[PDB]
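S.K.: Sharing a structure here in structure tokens format.
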Amino acid sequence: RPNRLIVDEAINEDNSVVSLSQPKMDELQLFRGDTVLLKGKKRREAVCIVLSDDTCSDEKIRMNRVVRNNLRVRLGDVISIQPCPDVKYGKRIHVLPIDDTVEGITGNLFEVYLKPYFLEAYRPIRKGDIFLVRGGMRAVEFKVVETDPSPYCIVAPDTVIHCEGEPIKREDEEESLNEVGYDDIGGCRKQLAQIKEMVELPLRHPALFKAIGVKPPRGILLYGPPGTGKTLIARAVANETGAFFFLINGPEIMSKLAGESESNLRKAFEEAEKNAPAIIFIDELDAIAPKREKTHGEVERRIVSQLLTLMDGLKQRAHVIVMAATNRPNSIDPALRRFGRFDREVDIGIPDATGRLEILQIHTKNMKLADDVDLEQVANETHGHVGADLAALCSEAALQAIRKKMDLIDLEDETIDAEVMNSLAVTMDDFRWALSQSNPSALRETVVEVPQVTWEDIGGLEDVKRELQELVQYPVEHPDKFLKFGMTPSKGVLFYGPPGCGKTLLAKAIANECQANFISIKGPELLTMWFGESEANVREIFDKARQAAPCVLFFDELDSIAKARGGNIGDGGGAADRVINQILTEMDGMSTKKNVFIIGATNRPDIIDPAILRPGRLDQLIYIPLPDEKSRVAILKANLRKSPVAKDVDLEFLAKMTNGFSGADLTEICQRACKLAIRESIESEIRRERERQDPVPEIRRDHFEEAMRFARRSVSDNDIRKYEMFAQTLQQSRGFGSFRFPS
Amino acid sequence: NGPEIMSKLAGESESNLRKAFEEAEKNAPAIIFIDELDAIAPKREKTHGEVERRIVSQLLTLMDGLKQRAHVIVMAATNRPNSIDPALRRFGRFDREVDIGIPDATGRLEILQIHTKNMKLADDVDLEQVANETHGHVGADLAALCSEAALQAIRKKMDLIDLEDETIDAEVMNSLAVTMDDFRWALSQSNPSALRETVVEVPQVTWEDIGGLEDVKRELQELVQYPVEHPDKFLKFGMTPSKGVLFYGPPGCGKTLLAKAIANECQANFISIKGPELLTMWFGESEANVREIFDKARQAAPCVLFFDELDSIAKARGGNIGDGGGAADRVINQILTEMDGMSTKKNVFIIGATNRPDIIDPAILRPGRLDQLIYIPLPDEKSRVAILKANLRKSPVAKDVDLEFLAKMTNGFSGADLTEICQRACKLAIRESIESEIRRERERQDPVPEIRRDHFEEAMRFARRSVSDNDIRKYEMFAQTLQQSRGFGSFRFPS
Ligand SMILES: CN1CCC(NC(=O)OCC#Cc2c(F)cc(OCc3nnc(S[C@H]4C=CCCC4)n3-c3cccnc3)cc2F)CC1
Ligand SMILES: CN1CCC(NC(=O)OCC#Cc2c(F)cc(OCc3nnc(S[C@H]4C=CCCC4)n3-c3cccnc3)cc2F)CC1
Ligand SMILES: Nc1ncnc2c1ncn2[C@@H]1O[C@H](COP(=O)(O)OP(=O)(O)O)[C@@H](O)[C@H]1O
Ligand SMILES: Nc1ncnc2c1ncn2[C@@H]1O[C@H](COP(=O)(O)OP(=O)(O)O)[C@@H](O)[C@H]1O
Ligand SMILES: Nc1ncnc2c1ncn2[C@@H]1O[C@H](COP(=O)(O)OP(=O)(O)O)[C@@H](O)[C@H]1O
């Protein structure tokens, strides 16, 4: 039937709202705000309000867990839409707390949860349907029980809502909504999409491999630092097939004396498959099956080497998936990751500045987060916090709001009523304290990110941005033309230009335009590998890129080692280096990998191994010049955009003065102006406090006059001419001007 | 198959292993595959338990018992040979090792063609393109890829047919045209985490891709191909032909291409050890890795080793001072030590390429080692025409490009520089073609199907001679140092 679509992940946390592709709406005979009735796979029906997001395809309709398992429809299945509303808003509608969600809760939970969720929204309700409302640090779901016999009803002023109490819990047909799903993972939407695409076919349709000859993914190996959310992701995926997955987590297996483990492990495989498709999560495979190279007892060696043989047995059929988990892949015995034994590794990795924001929003979603929580600010403030840490933080703050409210309410247990738990407005002061307490001791390792900088933050460089758009973006949006001519485009760039001029910013902005996984390897990170004589770590770095593709590597200060030598003498690399040589060795390898882009930035382009400028390696050198007057205007505007500035600052003059400022120097002028602005503003707020014992709400033209006096050109003209000299060495003309193939 | 044997508690394995030998021979000739012998019989040097030592050392005694008769074969398997206890590879105990090795650019194409053979591979699958695209994919990965593509064609068709199992009919499975877009996605997903190690290959380059060098190709045909197709004449005179060459010549002039083409003409297993690969061994103070490299050649024969930038270490020293090798080096010295050993191996040919022939251990030019120095000169005008034609052969070029003039300009371009001119012409061609396809898209909101004489006019303006005349004369000076004449001109044994 054409009145059907496929359910997909929600765009918003609110329930009762369903997104439809705007082109699909009219053909579906639905309009901008109509009531979208829904008929699920089972003999189960519900209703929602229409919405639209242009990212939705005509195939997809977005429904979150509150609506999906209300139709008993797993994610990715067919939902039928049957619009036919009545005009009779519900009368005497009713609901109960017949659920385990209200364990220990006291007070009039009806007043705090149900009444605002109903009257503030005036949303459509249908009897028999479970609905989740979050607040008071609890997610409480109730099963409607009366709506009048109408197929749908909308709560309104004449809807005299009702409530009653009973002890009966949810039915077997109802999903345990207190446990995770797809919407409970925020930091790794890319890897989550990879995993769900990778295992939607075996698990949703295990027969769909049973019959055809393709061999399904028999083993997935999630990995990433502990607390990254690996077990969360596996549990979220398995909550579509949670018949027997849960009992089969295997971190305890390795620790039962001798064969008691080997027996247990067997049973773990034996019982997981016994009913429905099932996921067998080998939690902390790093411990059960470590590299045999570093074992000192045959009993543990036999444990690991009969993990493999129980793995191989599952190659016969598709309904079972062995989703392992580990801190890093090279800590496990390579006897795994064979064809059929954990064939597909997946790096969950630490969340980025926007992944942590999504994690914080996911965890806070049941807390009354107040009206001053700058989530975006803490998300950048909490760099390095791996996954579960943002979960601890979101509790450390919440508790900081309880322990500072539990003095007012002197109760000895939370038989304190839910209404005052709803009053726990967890202000940003509490989160400020919690961050000060929180420690990112899970890990802080080379971080792969989708940087949030964009062209509007790269003032000037009008030519270079075009020259990089036609270099990173043309070969990935018209590869037909690159095959038609056999070009083999350049998988490399070297930004040579004065330091502090916008090379790293350009690389981040490029990675952002393509929405690619930027991986910055700063100067100290390379120089440390050279110092420790541990150039082998480079093999790890590039490997991360090989896993993070589509990536944009970036070796900031790629000439760091050559500068830290002088480039003239040394037993070692002469002109070359340990780590630069390893970088060449790995660039040659990754020249195959079409997805990853490699960028380097050299503020000393003459002093650097010329072997890196060879074709295939960072071949396309791009000059990043000192900004000219107009580009200096652009840079000043870019840096002042994020700060309040009086409406009479003459920036076109502030650019004229800066005869040759690098971009960093103009940023430093902006920062000196800000510092002098807080000086002049603090020294008038404290003056006001003394008076009582917004002076200036913005920086002004006055403050720049003392901000500029601390200014430089961070590159002498003897360096500007050094880069011009390197350009003319690498501009490569030799009097072919006016050359023409004669007619 | 015996991968499970090592993991059954104590004697339960030792009994099982015996039964494995006992029952394999019971009917007809039978192969006994000791899967992952790396694990069952590791080097006893790195064991910490007597029971595992006894497992490995009663693998040997069950091996020996099979020397009595021929019908049973014990085909072991291992990641690498030196990880197994040398108690194996004795006479009669795994006497014959065989390196399957990673597939080459045409091996991977054959693997892909084998695995795709049941998939409706559509009409736009550039198998040859993915075969080069998928470098480093070891065997079964191309099998996973060939599934990742196929599934990418199912999961994008299973929306149309909303069935819950493949009781979907075979007819619409035949309609799963796995387009090259699906394989493009699958390659982006696929990871060659099996291994990426020094790759032995039969290169697909040939003479037609080596523009010019008409003299050098003959001089190498009579040097690598005469001693292997007329060895009667080399024994008849007792010549002991040269198992070595050093290509000294300006960098980026066609030395590695010549070596690959030579290996291809003989259909030999080329093994390139690039400059960074030697320089890495010298940095890590792990010259012992060279013993591995040459060993690969000893297993991959008929081979053509190739030490690109054989003077890499000397350049990375300056060749004047150092505690270390003075004029010599760690890794160059190890290379000499192994060249002396491999001078026995008749099948393998050893080639080196030096763009800095003066700064390199002269001990490597000794007879038996890379003795026959061959000069790889900068292309002359006709050879530049040849190089330009060779590089533009694979790309569409308008039928009015005046290549015999584009050669005249490039008074001293190396081969790499002319290839860079070709690549700049291509880059400006996509620029001018993309900027008219997007223009067409804006119009509706094949401009030029080929590069043209127009684009080379902006492609050439970014050109070099990558060697100054002070380097051309440096190589001429090294040649006259190694041309070795001293006025025996007109010398004649008088009648
Ligand atoms: C003249 N002689 C003739 C014969 C022979 N020539 C031939 O016949 O070969 C044909 C080809 C090709 C081709 C390509 F080489 C790259 C492509 O695009 C992939 C891509 N995907 N993402 C990226 S980067 C991007 C990913 C997003 C996040 C950041 C980075 N790239 C990409 C981009 C830039 C450079 N490299 C790869 C497509 C092709 F079709 C040799 C020369
Ligand atoms: C003047 N005093 C008199 C007495 C004494 N002299 C004497 O009596 O010795 C006689 C001899 C010989 C001989 C030989 F020395 C090499 C041969 O061919 C093997 C071969 N097979 N493949 C190759 S390379 C090719 C394999 C294909 C893939 C790539 C590489 N080669 C080969 C080719 C070039 C150089 N070396 C070996 C045959 C012979 F008969 C000492 C001097
Ligand atoms: N990417 C993420 N998105 C949402 N929650 C996360 C994420 N990563 C970690 N968490 C939080 O961490 C906890 C899961 O930790 P767990 O998976 O048990 O440890 P590990 O990740 O090491 O297996 C959950 O409470 C979850 O809310
Ligand atoms: N072109 C530019 N436009 C705007 N800001 C710039 C520009 N170039 C540099 N900056 C400023 O300099 C800093 C980044 O310097 P960076 O580009 O990393 O220098 P380098 O790459 O030479 O180390 C940022 O704070 C940014 O505000
Ligand atoms: N004689 C030649 N004929 C055709 N192409 C050549 C020639 N010499 C070099 N090239 C080009 O140069 C590249 C190979 O350079 P290479 O021979 O490896 O230089 P080097 O051996 O000095 O490193 C190829 O892209 C090839 O197109």
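Residue names in the structure tokens use chain letters A, B, ... in the order shown, residue numbers from 1 in each chain, and ligand numbers from 1 in the order shown.
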Can you pull out the residues contacting range 734-743 of chain A? Cut-off 12 Å, using only C-alpha atoms, and skip same-chain residues under 6 positions away; I want them as a PyMOL selection string.
M.R.: (chain A and resi 728) or (chain B and resi 400-413+452-466)
S.K.: Kindly save the residues from that selection, with C-alpha atoms included, as a PDB file, in the first residue's frame.
M.R.:
ATOM      1  CA  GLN A 728      59.509  31.190  -6.376  1.00  0.00           C
TER       2      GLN A 728
ATOM      3  CA  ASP B 400      45.655  18.883 -32.173  1.00  0.00           C
ATOM      4  CA  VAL B 401      48.096  18.867 -29.245  1.00  0.00           C
ATOM      5  CA  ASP B 402      51.568  19.517 -30.659  1.00  0.00           C
ATOM      6  CA  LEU B 403      53.576  17.122 -28.520  1.00  0.00           C
ATOM      7  CA  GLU B 404      56.706  17.357 -30.673  1.00  0.00           C
ATOM      8  CA  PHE B 405      56.806  21.034 -29.595  1.00  0.00           C
ATOM      9  CA  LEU B 406      55.886  20.364 -25.970  1.00  0.00           C
ATOM     10  CA  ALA B 407      59.022  18.224 -26.027  1.00  0.00           C
ATOM     11  CA  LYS B 408      61.170  20.965 -27.580  1.00  0.00           C
ATOM     12  CA  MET B 409      60.362  23.372 -24.759  1.00  0.00           C
ATOM     13  CA  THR B 410      61.303  20.948 -21.978  1.00  0.00           C
ATOM     14  CA  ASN B 411      65.016  21.351 -22.610  1.00  0.00           C
ATOM     15  CA  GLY B 412      65.967  19.240 -19.600  1.00  0.00           C
ATOM     16  CA  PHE B 413      62.832  17.911 -17.931  1.00  0.00           C
ATOM     17  CA  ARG B 452      43.019  19.999 -25.002  1.00  0.00           C
ATOM     18  CA  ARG B 453      45.809  22.151 -26.371  1.00  0.00           C
ATOM     19  CA  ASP B 454      44.259  25.035 -24.431  1.00  0.00           C
ATOM     20  CA  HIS B 455      44.886  23.576 -20.967  1.00  0.00           C
ATOM     21  CA  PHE B 456      48.575  22.762 -21.414  1.00  0.00           C
ATOM     22  CA  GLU B 457      49.230  26.493 -21.755  1.00  0.00           C
ATOM     23  CA  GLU B 458      48.418  26.957 -18.062  1.00  0.00           C
ATOM     24  CA  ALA B 459      49.739  23.510 -17.133  1.00  0.00           C
ATOM     25  CA  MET B 460      53.271  24.283 -18.349  1.00  0.00           C
ATOM     26  CA  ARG B 461      53.601  27.528 -16.397  1.00  0.00           C
ATOM     27  CA  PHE B 462      53.990  25.441 -13.217  1.00  0.00           C
ATOM     28  CA  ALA B 463      56.962  23.460 -14.537  1.00  0.00           C
ATOM     29  CA  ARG B 464      60.565  22.788 -13.492  1.00  0.00           C
ATOM     30  CA  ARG B 465      63.716  21.130 -14.492  1.00  0.00           C
ATOM     31  CA  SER B 466      63.939  19.023 -11.340  1.00  0.00           C
TER      32      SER B 466
END
S.K.: Which chains and residue numbers are within 10 Å of ligand 2, counting only C-alpha atoms and all ligand atoms, if I want them as a ChimeraX atom specification?
M.R.: /B:220,222-245,262-270,300-305,343-351,368
S.K.: For N, CA and C atoms, I'd like the residues from the last selection saved as a tab-separated table (two decimals), in the first residue's frame.
M.R.:
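So result11.tsv came out as:
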chain	number	residue	atom	x	y	z
B	220	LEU	N	69.51	-3.72	-20.94
B	220	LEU	CA	68.98	-4.56	-19.87
B	220	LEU	C	68.34	-5.83	-20.39
B	222	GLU	N	69.70	-7.49	-22.81
B	222	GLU	CA	70.87	-8.36	-22.90
B	222	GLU	C	71.52	-8.61	-21.56
B	223	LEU	N	70.93	-8.23	-20.44
B	223	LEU	CA	71.56	-8.38	-19.14
B	223	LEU	C	70.72	-9.18	-18.16
B	224	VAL	N	69.40	-9.12	-18.26
B	224	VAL	CA	68.54	-9.91	-17.39
B	224	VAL	C	67.88	-11.06	-18.13
B	225	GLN	N	67.84	-11.00	-19.46
B	225	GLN	CA	67.08	-11.94	-20.27
B	225	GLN	C	67.96	-12.88	-21.07
B	226	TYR	N	69.14	-12.43	-21.50
B	226	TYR	CA	70.09	-13.34	-22.14
B	226	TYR	C	70.62	-14.42	-21.21
B	227	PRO	N	71.02	-14.14	-19.97
B	227	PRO	CA	71.50	-15.21	-19.10
B	227	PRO	C	70.42	-16.16	-18.62
B	228	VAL	N	69.15	-15.96	-18.98
B	228	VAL	CA	68.07	-16.85	-18.58
B	228	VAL	C	67.39	-17.49	-19.78
B	229	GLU	N	67.79	-17.13	-20.99
B	229	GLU	CA	67.27	-17.77	-22.19
B	229	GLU	C	68.37	-18.27	-23.11
B	230	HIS	N	69.64	-18.07	-22.76
B	230	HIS	CA	70.75	-18.75	-23.43
B	230	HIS	C	71.84	-19.11	-22.43
B	231	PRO	N	71.50	-19.76	-21.32
B	231	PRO	CA	72.54	-20.11	-20.34
B	231	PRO	C	73.58	-21.07	-20.89
B	232	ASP	N	73.27	-21.76	-21.98
B	232	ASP	CA	74.28	-22.58	-22.64
B	232	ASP	C	75.48	-21.74	-23.05
B	233	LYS	N	75.24	-20.54	-23.56
B	233	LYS	CA	76.33	-19.68	-24.01
B	233	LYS	C	77.11	-19.12	-22.82
B	234	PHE	N	76.44	-18.91	-21.69
B	234	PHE	CA	77.13	-18.41	-20.52
B	234	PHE	C	77.95	-19.49	-19.83
B	235	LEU	N	77.54	-20.76	-19.93
B	235	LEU	CA	78.41	-21.83	-19.46
B	235	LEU	C	79.53	-22.10	-20.44
B	236	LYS	N	79.26	-21.96	-21.74
B	236	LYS	CA	80.24	-22.31	-22.76
B	236	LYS	C	81.49	-21.45	-22.63
B	237	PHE	N	81.33	-20.21	-22.19
B	237	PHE	CA	82.45	-19.30	-21.96
B	237	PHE	C	82.78	-19.13	-20.49
B	238	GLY	N	81.97	-19.68	-19.59
B	238	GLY	CA	82.22	-19.52	-18.17
B	238	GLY	C	82.14	-18.09	-17.69
B	239	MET	N	81.09	-17.37	-18.09
B	239	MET	CA	81.04	-15.94	-17.84
B	239	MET	C	80.63	-15.59	-16.42
B	240	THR	N	79.77	-16.39	-15.80
B	240	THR	CA	79.19	-16.01	-14.52
B	240	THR	C	78.56	-14.63	-14.65
B	241	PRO	N	77.44	-14.51	-15.35
B	241	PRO	CA	76.87	-13.18	-15.63
B	241	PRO	C	76.60	-12.39	-14.36
B	242	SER	N	76.31	-11.11	-14.56
B	242	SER	CA	76.14	-10.20	-13.44
B	242	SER	C	74.75	-10.34	-12.84
B	243	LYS	N	74.72	-10.67	-11.55
B	243	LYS	CA	73.48	-10.69	-10.79
B	243	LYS	C	73.30	-9.38	-10.05
B	244	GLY	N	73.28	-8.28	-10.79
B	244	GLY	CA	73.19	-6.99	-10.15
B	244	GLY	C	73.15	-5.86	-11.15
B	245	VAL	N	72.49	-4.76	-10.79
B	245	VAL	CA	72.55	-3.54	-11.58
B	245	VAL	C	72.41	-2.36	-10.63
B	262	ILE	N	61.23	-4.36	-16.43
B	262	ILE	CA	62.10	-5.51	-16.60
B	262	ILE	C	61.49	-6.73	-15.93
B	263	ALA	N	61.00	-6.56	-14.70
B	263	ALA	CA	60.36	-7.67	-14.02
B	263	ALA	C	59.14	-8.15	-14.79
B	264	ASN	N	58.38	-7.23	-15.37
B	264	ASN	CA	57.18	-7.61	-16.11
B	264	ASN	C	57.54	-8.37	-17.38
B	265	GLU	N	58.58	-7.95	-18.08
B	265	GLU	CA	58.97	-8.63	-19.31
B	265	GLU	C	59.34	-10.08	-19.02
B	266	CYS	N	60.06	-10.32	-17.94
B	266	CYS	CA	60.38	-11.68	-17.53
B	266	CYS	C	59.27	-12.33	-16.73
B	267	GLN	N	58.17	-11.62	-16.48
B	267	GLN	CA	57.09	-12.12	-15.64
B	267	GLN	C	57.62	-12.54	-14.28
B	268	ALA	N	58.47	-11.71	-13.70
B	268	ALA	CA	59.15	-12.04	-12.46
B	268	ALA	C	58.51	-11.34	-11.28
B	269	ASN	N	58.79	-11.84	-10.09
B	269	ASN	CA	58.21	-11.30	-8.87
B	269	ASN	C	59.01	-10.09	-8.41
B	270	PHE	N	58.60	-8.91	-8.87
B	270	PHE	CA	59.27	-7.68	-8.47
B	270	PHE	C	59.08	-7.43	-6.98
B	300	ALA	N	60.50	-15.90	-3.19
B	300	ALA	CA	59.67	-15.39	-4.27
B	300	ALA	C	60.31	-15.54	-5.64
B	301	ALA	N	61.44	-16.20	-5.74
B	301	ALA	CA	62.14	-16.27	-7.02
B	301	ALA	C	61.24	-16.96	-8.05
B	302	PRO	N	61.34	-16.60	-9.34
B	302	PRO	CA	62.26	-15.64	-9.97
B	302	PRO	C	61.87	-14.21	-9.63
B	303	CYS	N	62.76	-13.47	-8.99
B	303	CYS	CA	62.44	-12.18	-8.40
B	303	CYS	C	63.34	-11.13	-9.00
B	304	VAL	N	62.94	-9.87	-8.83
B	304	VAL	CA	63.81	-8.75	-9.14
B	304	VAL	C	63.76	-7.77	-7.99
B	305	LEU	N	64.65	-7.94	-7.01
B	305	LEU	CA	64.72	-6.98	-5.93
B	305	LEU	C	65.01	-5.61	-6.51
B	343	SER	N	74.26	-13.97	-4.14
B	343	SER	CA	74.97	-14.18	-5.39
B	343	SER	C	74.96	-15.65	-5.79
B	344	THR	N	74.70	-16.55	-4.85
B	344	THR	CA	74.48	-17.95	-5.20
B	344	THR	C	73.15	-18.13	-5.92
B	345	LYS	N	72.09	-17.52	-5.40
B	345	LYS	CA	70.73	-17.72	-5.91
B	345	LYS	C	70.70	-17.21	-7.34
B	346	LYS	N	70.60	-18.14	-8.29
B	346	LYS	CA	70.66	-17.77	-9.70
B	346	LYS	C	69.39	-17.06	-10.15
B	347	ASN	N	68.25	-17.40	-9.57
B	347	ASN	CA	66.98	-16.89	-10.06
B	347	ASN	C	66.75	-15.42	-9.76
B	348	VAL	N	67.18	-14.93	-8.60
B	348	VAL	CA	66.87	-13.57	-8.19
B	348	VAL	C	67.84	-12.61	-8.84
B	349	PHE	N	67.31	-11.49	-9.30
B	349	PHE	CA	68.09	-10.38	-9.82
B	349	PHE	C	67.97	-9.22	-8.84
B	350	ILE	N	69.07	-8.50	-8.64
B	350	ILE	CA	69.10	-7.42	-7.67
B	350	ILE	C	69.39	-6.13	-8.41
B	351	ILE	N	68.56	-5.13	-8.18
B	351	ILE	CA	68.67	-3.84	-8.83
B	351	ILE	C	68.67	-2.77	-7.75
B	368	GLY	N	80.08	-9.07	-8.17
B	368	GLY	CA	79.18	-9.92	-7.42
B	368	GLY	C	78.02	-9.18	-6.79
S.K.: Please, which residues have at least one atom within 9 Å of an atom of ligand 5, using only C-alpha atoms and all ligand atoms, listed as a PyMOL selection string?
M.R.: (chain A and resi 615) or (chain B and resi 207-213+247+249-259+308-309+353-355+376+378-379+383-384+386-391+414-420)
S.K.: Report as a PDB file with C-alpha atoms, in the first residue's frame all protein, DNA and RNA residues lying within 7 Å of residue 327 in chain A, evaluated on only C-alpha atoms, omitting residues in the same chain fewer than 3 positions from it.
M.R.:
ATOM      1  CA  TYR A 223      36.378  -0.866  20.722  1.00  0.00           C
ATOM      2  CA  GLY A 224      37.422   2.375  22.315  1.00  0.00           C
ATOM      3  CA  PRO A 225      38.484   3.571  25.754  1.00  0.00           C
ATOM      4  CA  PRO A 226      36.548   2.182  28.724  1.00  0.00           C
ATOM      5  CA  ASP A 286      40.879  -7.596  25.968  1.00  0.00           C
TER       6      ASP A 286
END
S.K.: Could the residues of chain A that have an atom at most 6 Å from chain B be listed as a tab-separated table, each with its closest atom pair and the distance in Å to one decimal, counting only C-alpha atoms and ordered by chain and ascending residue number?
M.R.:
residue	atom	partner	partner_atom	distance
A:205	CA	B:164	CA	5.6
A:207	CA	B:165	CA	5.0
A:208	CA	B:165	CA	4.2
A:296	CA	B:48	CA	5.5
A:302	CA	B:7	CA	4.4
A:305	CA	B:7	CA	5.4
A:306	CA	B:7	CA	5.7
A:485	CA	B:395	CA	5.0
A:486	CA	B:395	CA	5.8
A:573	CA	B:316	CA	4.8
A:574	CA	B:316	CA	4.0
A:575	CA	B:316	CA	5.5
A:576	CA	B:316	CA	5.8
A:578	CA	B:283	CA	6.0
A:581	CA	B:276	CA	5.9
A:585	CA	B:276	CA	5.7
A:732	CA	B:462	CA	4.7
A:733	CA	B:461	CA	4.9
A:736	CA	B:461	CA	5.8
S.K.: In Å, how far is it from atom 5 (N, counted along the ligand's line) of ligand 4 to CA of residue 628 in chain A?
M.R.: 13.1 Å
S.K.: Among range 327-457 of chain B, which residues carry a DSSP assignment of strand (DSSP E), reported as a list in words?
M.R.: residues 349, 350, 351, 352, 353, 354, 372, 373, 374 and 375 of chain B
S.K.: Which residues, written as number ranges by chain, have at least one atom at most 12 Å from residue 363 in chain A, with only C-alpha atoms counted and residues fewer than 5 positions away on the same chain left out?
M.R.: A: 13, 134, 137-139, 180, 183-187, 356-358, 368-369, 375, 387-398
S.K.: Mind writing the picked residues with N, CA and C atoms as a short mmCIF file (atom, residue, chain, number, x, y, z; two decimals), in the first residue's frame?
M.R.:
data_model
loop_
_atom_site.label_atom_id
_atom_site.label_comp_id
_atom_site.auth_asym_id
_atom_site.auth_seq_id
_atom_site.Cartn_x
_atom_site.Cartn_y
_atom_site.Cartn_z
N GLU A 13 13.44 14.64 20.95
CA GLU A 13 13.16 13.80 22.11
C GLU A 13 11.68 13.72 22.44
N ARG A 134 9.18 12.78 31.29
CA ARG A 134 10.43 12.86 32.03
C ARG A 134 10.41 14.10 32.92
N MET A 137 13.95 13.88 37.78
CA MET A 137 15.05 12.93 37.67
C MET A 137 14.56 11.51 37.47
N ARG A 138 13.33 11.35 36.97
CA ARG A 138 12.76 10.07 36.60
C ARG A 138 12.09 10.16 35.24
N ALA A 139 12.15 9.06 34.50
CA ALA A 139 11.36 8.88 33.29
C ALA A 139 10.21 7.94 33.64
N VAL A 180 18.02 0.73 27.62
CA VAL A 180 18.55 1.58 26.57
C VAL A 180 17.88 1.33 25.23
N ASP A 183 18.07 5.87 20.81
CA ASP A 183 18.06 7.27 21.19
C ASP A 183 18.90 7.56 22.43
N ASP A 184 19.34 6.53 23.15
CA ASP A 184 20.15 6.70 24.34
C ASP A 184 21.64 6.69 24.04
N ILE A 185 22.03 6.81 22.78
CA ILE A 185 23.43 6.97 22.38
C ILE A 185 23.54 8.25 21.57
N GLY A 186 24.44 9.14 21.99
CA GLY A 186 24.54 10.44 21.35
C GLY A 186 25.90 10.76 20.77
N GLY A 187 26.95 10.20 21.35
CA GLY A 187 28.29 10.63 21.00
C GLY A 187 28.80 10.08 19.68
N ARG A 356 29.90 15.10 22.88
CA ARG A 356 29.72 15.27 24.32
C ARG A 356 28.49 16.11 24.61
N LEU A 357 28.18 17.06 23.74
CA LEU A 357 26.95 17.82 23.91
C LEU A 357 25.73 16.91 23.79
N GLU A 358 25.76 15.99 22.83
CA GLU A 358 24.63 15.08 22.67
C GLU A 358 24.52 14.12 23.85
N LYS A 368 15.44 18.39 35.62
CA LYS A 368 14.95 19.74 35.38
C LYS A 368 16.18 20.63 35.27
N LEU A 369 16.63 20.84 34.03
CA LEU A 369 17.95 21.42 33.78
C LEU A 369 17.99 22.93 33.97
N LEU A 375 24.76 24.33 28.05
CA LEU A 375 25.23 23.01 27.66
C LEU A 375 26.35 23.10 26.64
N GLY A 387 32.53 9.64 27.22
CA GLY A 387 31.28 8.92 27.34
C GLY A 387 30.70 8.91 28.74
N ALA A 388 30.89 7.79 29.43
CA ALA A 388 30.29 7.60 30.75
C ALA A 388 30.68 8.70 31.73
N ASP A 389 31.81 9.37 31.52
CA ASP A 389 32.15 10.49 32.39
C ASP A 389 31.10 11.58 32.32
N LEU A 390 30.64 11.95 31.12
CA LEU A 390 29.54 12.89 31.01
C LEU A 390 28.29 12.35 31.69
N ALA A 391 28.18 11.03 31.84
CA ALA A 391 27.09 10.47 32.62
C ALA A 391 27.32 10.68 34.11
N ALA A 392 28.55 10.49 34.57
CA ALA A 392 28.87 10.77 35.96
C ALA A 392 28.73 12.26 36.26
N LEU A 393 29.24 13.10 35.36
CA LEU A 393 29.10 14.54 35.52
C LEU A 393 27.64 14.93 35.64
N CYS A 394 26.80 14.44 34.72
CA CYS A 394 25.39 14.78 34.76
C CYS A 394 24.73 14.31 36.04
N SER A 395 25.37 13.37 36.76
CA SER A 395 24.89 13.01 38.09
C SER A 395 25.55 13.86 39.16
N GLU A 396 26.87 14.09 39.04
CA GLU A 396 27.56 14.93 40.01
C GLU A 396 26.89 16.29 40.12
N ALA A 397 26.44 16.84 39.00
CA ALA A 397 25.66 18.07 39.04
C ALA A 397 24.31 17.84 39.70
N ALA A 398 23.60 16.79 39.27
CA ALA A 398 22.26 16.56 39.81
C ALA A 398 22.31 16.36 41.31
#
S.K.: Please identify every polymer residue within 7 Å of ligand 1, using only C-alpha atoms and all ligand atoms, and present the set as a PyMOL selection string.
M.R.: (chain A and resi 471-473+475-476+479-480+482-483+485-491+511+514-517+549-552+594-597) or (chain B and resi 391-392+394-395+422-423)
